[PDB]
Amino acid sequence: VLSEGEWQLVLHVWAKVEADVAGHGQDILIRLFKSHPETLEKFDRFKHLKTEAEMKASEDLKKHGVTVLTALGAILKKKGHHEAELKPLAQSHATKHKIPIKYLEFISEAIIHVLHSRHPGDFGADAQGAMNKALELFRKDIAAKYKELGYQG
Ligand code: HEM
C-alpha cells in the first residue's frame with residue numbers, strides 16, 4: 001500500500017500535471033506509440049499516424065490524451081480505494097478494446113518517462129518511487145478484474 005507520505009508525493013506531482021492536462025496527455029501517448037508500435041495497432045483512429053510529426057498535429061489524439069489522463073487522475077485521488085473508478089476501465093479494456101496488461105505496463109512506463117521530463121524538483125527519486133507503486137497497483141487491481149472476466153492475458 002502507499003503510506004500517507006507515499007500518496008502525498010504522488011498526489012503532489014499530479015497537482016502539478018493538473019496544471020496542464022493535455023500536453024502531458026500528448027507526449028505520453030507519442031511515447032507509447034513510438035516505443036511499442038504494437039500499441040498503435042490497438043487505436044483504429046490513430047494508425048494513419050505514420051510519423052511523429054503527423055502525430056503531434058492531429059488534434060483527435062490530444063483530446064484522447066485528456067480523456068485518458070482524467071481517468072487516471074480520479075483513480076489517483078481515490079488513493080488505494082479506487083475500486084469503483086476502476087471497473088469500467090478494466091471491463092472495456094478486456095472486453096471491448098482487448099488490451100494486454102502488458103500494454104498497461106508500456107503505458108505506465110511512458111507516463112513516468114514523461115514526468116521526469118516535465119517535472120524535476122518534485123518528480124525526483126522518492127516521488128518516482130511512490131508514483132511507480134501507485135501504477136504498479138493500478139495494474140494489479142486492473143489485472144485481477146481481468147482474471148475474473150477471463151482475459152489474464
Ligand atoms: C493509463 C492507461 C489507460 C487508461 C486509463 C485508458 C483510459 C481509457 C478511456 C477513458 C478511454 C475512453 C473510454 C473507453 O473507451 O473505455 C479509452 C479508450 C481506449 N483505450 Fe484506453 N486507456 C488506457 C490504456 C490503454 C492502453 C495502453 C491502450 C493501448 C495499448 C489503450 C487503448 C484503448 C483503446 C484502443 C481505446 C479505444 C479508443 C477509441 O476508439 O475511442 N488504453 N481508454
Side-chain angles (χ1 to χ4, degrees), residues 1-46 55 61-153:
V1 333
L2 277 66
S3 29
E4 241 318 302
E6 254 147 47
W7 276 120
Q8 246 208 271
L9 310 118
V10 233
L11 293 151
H12 185 91
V13 356
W14 204 259
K16 309 306 232 192
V17 194
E18 236 75 309
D20 155 36
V21 176
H24 277 142
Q26 267 275 254
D27 300 323
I28 273 172
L29 285 108
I30 270 125
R31 172 66 122 169
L32 206 67
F33 302 170
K34 304 252 86 258
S35 313
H36 300 284
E38 349 152 37
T39 56
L40 181 61
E41 186 63 30
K42 280 332 229 196
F43 295 97
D44 258 14
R45 101 158 130 118
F46 282 154
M55 218 203 266
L61 204 73
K62 175 177 169 190
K63 91 103 158 47
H64 181 64
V66 163
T67 299
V68 159
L69 299 193
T70 328
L72 209 63
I75 304 190
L76 281 182
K77 278 65 154 208
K78 291 299 209 333
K79 71 210 164 127
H81 303 101
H82 46 131
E83 78 298 294
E85 299 58 37
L86 231 66
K87 255 235 231 300
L89 182 60
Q91 240 109 255
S92 37
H93 274 47
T95 77
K96 249 142 63 187
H97 296 338
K98 296 267 64 89
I99 309 288
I101 288 268
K102 80 156 306 51
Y103 297 177
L104 306 182
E105 216 242 299
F106 297 156
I107 202 158
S108 282
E109 285 178 89
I111 283 107
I112 280 147
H113 174 51
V114 160
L115 337 106
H116 204 122
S117 284
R118 298 155 85 307
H119 288 290
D122 291 292
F123 197 70
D126 346 41
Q128 208 209 13
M131 194 53 88
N132 176 61
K133 293 218 195 40
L135 281 168
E136 237 172 30
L137 156 112
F138 174 76
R139 26 176 145 53
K140 64 113 66 254
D141 287 7
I142 250 43
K145 252 118 249 96
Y146 271 36
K147 195 184 259 223
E148 194 165 337
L149 306 154
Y151 307 75
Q152 192 87 280

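Heavy-atom basis, side chains included; hydrogens, waters and symmetry copies ignored. Start at 1 with the first residue, then count along the sequence.
- Between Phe46 and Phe43, the ring planes lie tilted relative to each other; the angle falls in the 30° to 60° range.
- For the salt bridge (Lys or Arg N to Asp or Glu O under 4.0 Å) condition, the pairs that include at least one residue of residues 84-111, sequence neighbours left out, are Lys78-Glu85.
- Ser108 places no side-chain N or O within donor-acceptor distance of the main-chain N or O of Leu135, the cut-off being under 3.5 Å.
- A search for side-chain hydrogen bond (donor to acceptor under 3.5 Å, both in side chains) contacts involving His36 returns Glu38, not counting sequence neighbours.
- For the atom pair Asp27 CG and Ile111 CD1, the distance stands at 11.5 Å (nearest 0.5 Å).
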Report task. Could you walk me through whether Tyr146 and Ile99 pass side chain to side chain contact (heavy atoms under 4.5 Å, CB included), step by step? Result -> CA-CA 10 Å; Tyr146 271 36; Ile99 309 288; 4.1 Å; yes

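- Closest non-hydrogen pair, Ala84 versus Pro88, comes out as O-CD, 4.0 Å.
- Considering CD1 of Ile101 and NZ of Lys140, their distance stands at 10.5 Å, rounded to 0.5 Å.
- Interatomic distance, CG of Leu2 versus NZ of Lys79, reported as 9.5 Å (0.5 Å rounding).
- Atom-to-atom distance recorded for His93:NE2 and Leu104:CG is 6.5 Å, nearest 0.5 angstrom.
- Under a 4.0 Å N-O distance rule, the pair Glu18/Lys77 qualifies as a salt bridge.
- Counting non-hydrogen atoms of other residues, nucleotides and ligands closer than 6.0 Å to CD of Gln152 gives a total above 12.
- Two residues are said to be in side-chain contact when any heavy atoms from C-beta on lie closer than 4.5 Å; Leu86 and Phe138 meet this criterion.
- Closest of all the heavy-atom pairs between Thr39 and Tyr103 is N-OH, 4.0 Å.
- Counting non-hydrogen atoms of other residues, nucleotides and ligands closer than 6.0 Å to NE2 of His97 gives a total above 12.
- Contact detail for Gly23 and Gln26: the closest heavy-atom pair is O-CB, 2.8 Å.
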Under 3.5 Å, which donor-acceptor pairs do the side chains of residues 120-133 form with other protein atoms, sequence neighbours left out?
unit_1: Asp122; atom_1: OD1; unit_2: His12; atom_2: NE2; d: 2.6
unit_1: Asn132; atom_1: ND2; unit_2: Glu136; atom_2: OE2; d: 3.1
unit_1: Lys133; atom_1: NZ; unit_2: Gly129; atom_2: O; d: 3.0

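- Expressed to the nearest 0.5 Å, how far CD1 of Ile28 lies from CD1 of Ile112 amounts to 10.0 Å.
- Shortest non-hydrogen contact noted between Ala94 and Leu149 is CB-CD1, 4.4 Å.
- Taking both residues in full, the closest heavy atoms of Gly25 and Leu69 are given as CA-CD1, 3.3 Å, listed atom of the first, atom of the second, then distance.
- Looking only at distances, no side-chain donor or acceptor of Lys147 sits under 3.5 Å from a matching main-chain atom of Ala143.
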Query - Verdict with supporting geometry, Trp14 and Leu72, side chain to side chain contact (heavy atoms under 4.5 Å, CB included) - result: CA-CA 10 Å; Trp14 204 259; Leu72 209 63; 3.9 Å; yes

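- In plain terms, the two heavy atoms of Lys145 and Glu148 that are nearest each other are O-CB, 3.2 Å.
- Rounded to the nearest 0.5 Å, atoms CE (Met55) and CD1 (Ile30) are 6.5 Å apart.
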